[PDB]
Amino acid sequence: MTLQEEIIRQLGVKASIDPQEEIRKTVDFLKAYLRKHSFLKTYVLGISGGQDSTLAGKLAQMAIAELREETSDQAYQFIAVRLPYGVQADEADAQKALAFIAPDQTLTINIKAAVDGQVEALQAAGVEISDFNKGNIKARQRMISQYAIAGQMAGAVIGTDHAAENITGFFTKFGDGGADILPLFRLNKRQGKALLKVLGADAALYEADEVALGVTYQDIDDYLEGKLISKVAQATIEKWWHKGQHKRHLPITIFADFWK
């Protein structure tokens, strides 16, 4: 068994998908999860204007709407959350995402006072905080904001993690990685695009990451589909895989092996 095969098995990626089926599978998964947890009424999701949160958000809103029609229980709601740090660069992709989703409720929680208070408290203790580090603070503050809403509104927090991020460990641990349920887990990036095409999403919702990673989504996706890619791209992917193992396992106990 190659490393590639073993990664493909862990992440559950199919070489190709039926989009419509995958839509249905996800919606039913999201409904089943709610039906089993009878005290839960809401799904909560940060909406960034990016492909992942747009798709997940849409799938969640559909699950709620159907479940509400099925049960006649109006307390079922999807809560979209906007989480800008200060005055957000372009709210335009977000606006389109929200329009497409048509969410039951939208809340805007500005994380800037919280993030700034955190950084000030660090700095006052003599801890300088880099841009990267601040970035992780923001992602983790968004986790807090979403869990706070969920604690008040009988909610489960939706995570946007999917196979193309997971293989690369391209998320903040206990940040955007911090969530209850992962509707998009098993899908690679292009597979996400396909689902959005089938849902009729504005083409602008799915057209730096790759430069940060040193590898393209084309390559990541192809690797996840069991295809052969260049050696340099393979080594890059495999670097990220090994590096991100701790993000992909539970906290390390004395009985753990994977890190040894």
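Position 1 is the first residue in the sequence shown; the rest follow in order.
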**Request:** Can you count, per the entry, how many deposited residues between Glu69 and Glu70 come without coordinates? Answer none, 1 to 3, 4 to 9, or 10 or more.
**Result:** none
**Asked** Is the mean CA B factor in the deposited entry higher across 225-233 or across 43-51?
**Response** 225-233
**Complete:** Going by the entry, of stretches 198-206 and 30-38 the one with greater average Cα B-factor is 198-206
**Request:** Using the temperature factors in the entry, find which of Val115, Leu182, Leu122, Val87 has the highest value at its Cα atom.
**Result:** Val87
**Request:** By the entry's C-alpha temperature factors, tell me which of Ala99, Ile167, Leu83, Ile158 sits highest.
**Result:** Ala99
**Fill in**
Sorting the chain's modelled residues by C-alpha B-factor and splitting them into thirds places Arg248 in the middle
**Request:** State the tercile, meaning the lowest, middle or highest third, of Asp104 with respect to the CA B-factors recorded for its chain.
**Result:** middle
**Prompt:** Within this chain, which third does the Cα B-factor at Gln95 fall in: lowest, middle or highest?
**Reply:** highest
**Asked** Lowest, middle or highest third of the chain for the C-alpha temperature factor of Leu187?
**Response** lowest
**Prompt:** Thinking about Cα B factors across the chain, which third does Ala75 belong to?
**Reply:** highest
